[PDB]
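S.K.: Attaching a single structure in structure tokens format; questions to follow.
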Amino acid sequence: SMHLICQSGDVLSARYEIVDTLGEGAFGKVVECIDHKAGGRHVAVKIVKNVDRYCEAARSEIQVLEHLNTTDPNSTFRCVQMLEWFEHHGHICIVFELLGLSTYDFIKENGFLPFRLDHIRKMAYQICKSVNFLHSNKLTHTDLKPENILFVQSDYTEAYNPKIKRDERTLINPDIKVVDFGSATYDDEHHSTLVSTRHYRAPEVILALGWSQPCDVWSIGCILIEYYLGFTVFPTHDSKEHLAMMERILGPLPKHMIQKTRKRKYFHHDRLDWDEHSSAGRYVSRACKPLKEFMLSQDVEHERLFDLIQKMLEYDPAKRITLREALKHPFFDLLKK
Ligand SMILES: CC(C)Oc1cccc(-c2coc3ccc(-c4cnn(C)c4)nc23)c1
Numbered sequence: 011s012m013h014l015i016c017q018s019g020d021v022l023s024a025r026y027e028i029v030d031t032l033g034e035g036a037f038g039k040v041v042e043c044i045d046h047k048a049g050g051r052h053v054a055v056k057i058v059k060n061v062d063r064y065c066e067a068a069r070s071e072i073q074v075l076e077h078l079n080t081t082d083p084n085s086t087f088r089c090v091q092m093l094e095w096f097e098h099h100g101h102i103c104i105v106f107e108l109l110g111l112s113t114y115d116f117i118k119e120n121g122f123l124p125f126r127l128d129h130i131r132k133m134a135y136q137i138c139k140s141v142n143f144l145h146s147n148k149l150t151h152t153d154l155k156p157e158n159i160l161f162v163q164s165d166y167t168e169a170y171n172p173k174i175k176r177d178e179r180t181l182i183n184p185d186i187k188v189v190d191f192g193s194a195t196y197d198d199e200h201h202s203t204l205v206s207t208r209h210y211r212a213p214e215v216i217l218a219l220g221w222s223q224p225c226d227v228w229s230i231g232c233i234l235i236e237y238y239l240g241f242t243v244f245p246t247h248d249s250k251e252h253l254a255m256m257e258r259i260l261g262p263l264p265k266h267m268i269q270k271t272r273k274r275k276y277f278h279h280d281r282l283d284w285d286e287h288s289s290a291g292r293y294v295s296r297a298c299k300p301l302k303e304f305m306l307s308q309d310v311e312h313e314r315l316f317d318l319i320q321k322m323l324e325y326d327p328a329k330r331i332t333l334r335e336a337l338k339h340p341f342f343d344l345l346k347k
């Protein structure tokens, strides 16, 4: 179905001419287009699959962005600007300001190399500021990950790095925006305990204990570690394995959370029911280690990032650092000069 209406040269809604595909996902496609009714201005158009769950999510995203873009019309808090929406051969299409690559895509195109620490500090500060603005207006995003953080401009300079015997790209401007508001949920709406595909998922979500704003803080911690290492610390698609990986990196889960969960399959007595000496178990031991052993330097700026990450990755959501507190953390002192 979609392949028939998203090709270079096709014209959407009698005005948007498709140039090329920027990226794909489970939801559909994002394409760059020329807007022939706004003087040729280039824009990004998200074309949503004609499938009920994604159509519903798209309708929800439209409502959320209307509210956020009117509350913050100059994008002071760095939520992407929605320009319009329309329907095209049974597909919902949402038009946005054109941004650069996602942070994930940049990492991938640079050979899975990490961002350097001064860029991480700026990006982290903007992400915390943006999502805190959501938290101040009774929203939780629920789906934060590097694919959903995008550079305003993704241009780079390029040089041979003698230390690693490989060519390396350096972002010119690290400014970002947050996208994808199709899972975003208000305090006063129903919170599905069930949630779909992701490894930025908080332990209270996996154990079905209820969730709200703190689950976003957990996700942001996972993102910051990825930016620092160039790869995910939870490379898994199985819930039980994921919990085993958490235990190895952060220590054992709090007893009171193990006691409250109705997900009894994961536990024997009050311990994670995980065979350490299986095929999968030996892989977890070999790929994961305590958090601080991932540090690449002992320099104080690195220690500061790791202290903030540790507090974001607190198991109990009632004890987890909030984003208001995280914006005052010493890791960010260097930005207030
Ligand atoms: C798969 C997707 C991230 O691929 C790219 C890859 C490169 C650029 C863009 C991109 C450029 O300007 C944009 C404005 C909005 C969005 C958007 C809105 N919702 N979602 C899920 C993305 N995406 C862009 C997207």
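In this text, residue positions in the sequence shown follow the numbering used here: the first is 11, and each later residue adds one.
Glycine included, each C-beta is placed from N, C-alpha and C at the ideal position.
1) What separation, rounded to the nearest whole angstrom, lies between the Cα atoms of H200 and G220?
2) Compute the minimum distance between the beta carbon of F96 and the heavy atoms of ligand 1, and state whether it is under 8 Å.
3) Could you name the residues of the same chain whose beta carbon sits closer than 6 Å to that of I57, not counting the 5 residues immediately before and after it, in chain order?
4) For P213 and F241, I'd like the C-alpha separation in whole angstroms.
5) To which residues does DSSP link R179 through a beta bridge?
6) Does any heavy atom of ligand 1 sit closer than 8 Å to the C-beta of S112?
7) Along the chain, which unbroken stretches of the alpha helix (DSSP H) at least 4 residues long are found entirely within the stretch 286-327?
8) Would you report the Cα separation of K250 and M267, rounded to the nearest angstrom?
9) For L204, which of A218, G192, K265 has the nearest alpha-carbon?
10) Should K59 be listed as close to ligand 1, given that the test is whether its C-beta is under 8 Å from any heavy atom?
11) Are the stretch 257-264 and the stretch 295-306 touching by the rule of at least three beta carbon pairs closer than 8 Å?
12) Taking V162 as the reference, give the member of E107, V61, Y276 with the closest Cα.
13) With DSSP as the reference, please indicate the residues paired to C43 in a beta bridge.
14) Say yes only if the C-beta of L160 is nearer than 8 Å to one or more non-hydrogen atoms of ligand 1, and no if none qualify.
15) Going by the C-beta, is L22 closer than 8 Å to any heavy atom of ligand 1?
16) If I measure Cβ to Cβ from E324 and keep anything under 6 Å in the same chain, skipping five residues before and after, which residues do I get?
17) Ordered along the chain, which non-local residues of its own chain (more than five positions away) have a Cβ less than 6 Å from that of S112?
18) Compute the distance between the beta-carbons of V55 and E42, then report whether it is under 9 Å.
19) Confirm, please, whether the CB-CB distance from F191 to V74 is below 9 Å.
20) So that I know if they touch, is there some Cβ in chain C lying closer than 9 Å to that of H52?
21) Would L154 pass as a contact of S70 if the rule is Cβ separation under 9 Å?
22) Do three or more CB pairs link the stretch 233-247 to the stretch 303-316 at distances below 8 Å?
23) Let me confirm a value: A68 is counted as buried when at least 16 other C-beta atoms fall within 10 Å, else exposed. Which label applies?
24) Note down the Cα distance separating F87 from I174, rounded to an integer number of angstroms.
25) Per DSSP, which residues does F106 bridge with? Please list them.
26) Report the three-state DSSP secondary structure of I130 (helix, strand or coil).
27) Can the beta-carbon of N171 be found less than 9 Å from the beta-carbon of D165?
28) Suppose the cutoff is 6 Å on Cβ atoms and the five residues either side in sequence are ignored; what does the same chain contact list for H46 look like?
29) Could you say which of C232, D198, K270 lies nearest to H252 if we only look at CA atoms?
30) For ligand 1, is there a heavy atom less than 8 Å away from the beta-carbon of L108?
M.R.: Reading off the structure:
1) 11 Å
2) no
3) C16, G38, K39, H101, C103
4) 20 Å
5) Bridge partners of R179: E168.
6) Yes, ligand 1 has a heavy atom inside 8 Å of this Cβ.
7) You should have 289-297, 310-322.
8) 15 Å
9) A218
10) no
11) yes
12) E107
13) DSSP output for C43 lists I28, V53 as bridge partner(s).
14) yes
15) Taking 8 Å as the cut-off, one finds no heavy atom of ligand 1 near enough to the beta carbon of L22.
16) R330
17) A distance below 6 Å between beta-carbons, with the five flanking residues on each side excluded, links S112 to the following residues of its chain, in chain order: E157, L160.
18) yes
19) In this structure, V74 lies near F191, with their beta-carbon atoms less than 9 Å apart.
20) The structure shown contains no chain C; it holds only a single protein chain.
21) In terms of Cβ geometry, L154 and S70 do not form a close pair [threshold 9 Å].
22) yes
23) buried
24) 37 Å
25) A54, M92
26) Note: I130 maps to helix in three-state DSSP.
27) Their beta carbons are not under 9 Å apart, which means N171 does not touch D165 by this criterion.
28) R25
29) Closest option to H252, Cα to Cα, is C232.
30) Taken from the Cβ of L108, at least one heavy atom of ligand 1 lies inside 8 Å.
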